[PDB]
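One chain comes next, on its own, written out as structure tokens in the form deposited in one PDB entry.
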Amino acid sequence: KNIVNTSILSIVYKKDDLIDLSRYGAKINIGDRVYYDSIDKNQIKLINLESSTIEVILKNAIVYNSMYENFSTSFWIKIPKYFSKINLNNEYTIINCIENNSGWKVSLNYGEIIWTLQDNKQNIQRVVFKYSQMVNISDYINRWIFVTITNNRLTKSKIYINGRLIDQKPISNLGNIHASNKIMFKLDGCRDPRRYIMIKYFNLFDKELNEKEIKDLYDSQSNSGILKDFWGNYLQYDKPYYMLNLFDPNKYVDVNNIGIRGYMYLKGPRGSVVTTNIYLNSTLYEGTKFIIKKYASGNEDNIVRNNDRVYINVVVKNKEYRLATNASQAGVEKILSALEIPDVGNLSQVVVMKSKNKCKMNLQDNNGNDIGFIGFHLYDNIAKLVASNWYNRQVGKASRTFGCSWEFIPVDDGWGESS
């Protein structure tokens, strides 16, 4: 019943190959320089080499002249930060269904995801998503984005980003769009040899998806049982993460002293990384690193899941300490401390990991009672990290709750700031 089942092409990883999950069984030819993420094999990396290619041949049986009258494409994409002036004014095709100068393609440029419909009279229409590299904290740079492009020959071509309309151009003026049976995924025309993309869950639909169908597609493909890091990859155990509190993203976490008389606090503003005319962003690699440690998970995999019960380690001067509190302290607000792992004793330290990318951490006492979601509280102009059941009540008493949602930011090559 999810609209994704109606896909006429659904590229997924199985065994050691990409296959069409649709019942229409397209053929998929993979070049020698196509890579899969060791953790999430559906994450495909295409690099800037002629052998980094995925060729889809649709069955001629499903390819008909008027199929591109109503159609949508959906996929997820991770586009590394553009670092060089070579990247400016260099539109490069990534997904090509063009034959006899008619069809559709997806291209990228500096801060752009571009859709092109060409008819058989060579009239073109472009819809364009623009994202700035001149922002403190980008929702788009080097992060998994869900793209949905819908097309109705009587109305418009529309581009959606994470389920939200961004551009729309009327296409009623265009002629007939040639239906190729070939789709080529490959970097085409990119003058920067170090460029790559990552792509997952490519779908083609023989329909103009509506807003409500795009939202179900986005929500269904999110995998909300697995937590995500800032980039949108799987959250992992034993991996160091810089912390961001979504209520105040211009701050980072620091530790004031080790032990139960010490505390953790939000501090800012963030620094800045710059290449004039290319990017200006807040530094992400700032503050105390958190490491998620297995408590209730076995050594099956290192993936952190919804409702996993974990420990949190905190790195101070390349040494690990345990996030803990005394649940007995006066007041709802329990100030967190970084404790010597030997000393934690019976101090509350078990955290329930939850999805709302948007991670929550529910601290529990040693009887499995809630101490509360990890957030912060102002004590005389210091925003100290706390566990507070204030947050747990507010979730049930308000449409929204602010301050107990976090992002976990590991070092990533597509971001390229010094670690």
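Just count from 1 along the sequence shown to find any residue number. Between two forms, the rigid core is the largest collection of C-alphas that superpose within 1.5 Å.
Not on display, but discussed next: the form deposited in another entry.
K.L.:
For the core superposition between the shown form and the other one, please identify the residue among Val63, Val350, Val34, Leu49 whose CA shift reaches 2 Å or more.
P.N.:
Among the listed residues, the outlier is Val63.
K.L.:
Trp144 to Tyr68, Cα distance in that other deposited form relative to here: closer or farther, by 3 Å or more?
P.N.:
Here the pair is closer than in that other deposited form; there, farther apart.
K.L.:
Using the form shown as baseline, tell whether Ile11 and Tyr68 are closer or farther in Cα-Cα distance in that other deposited form, where the change reaches 3 Å or more.
P.N.:
Those two alpha carbons end up farther apart in that other deposited form.
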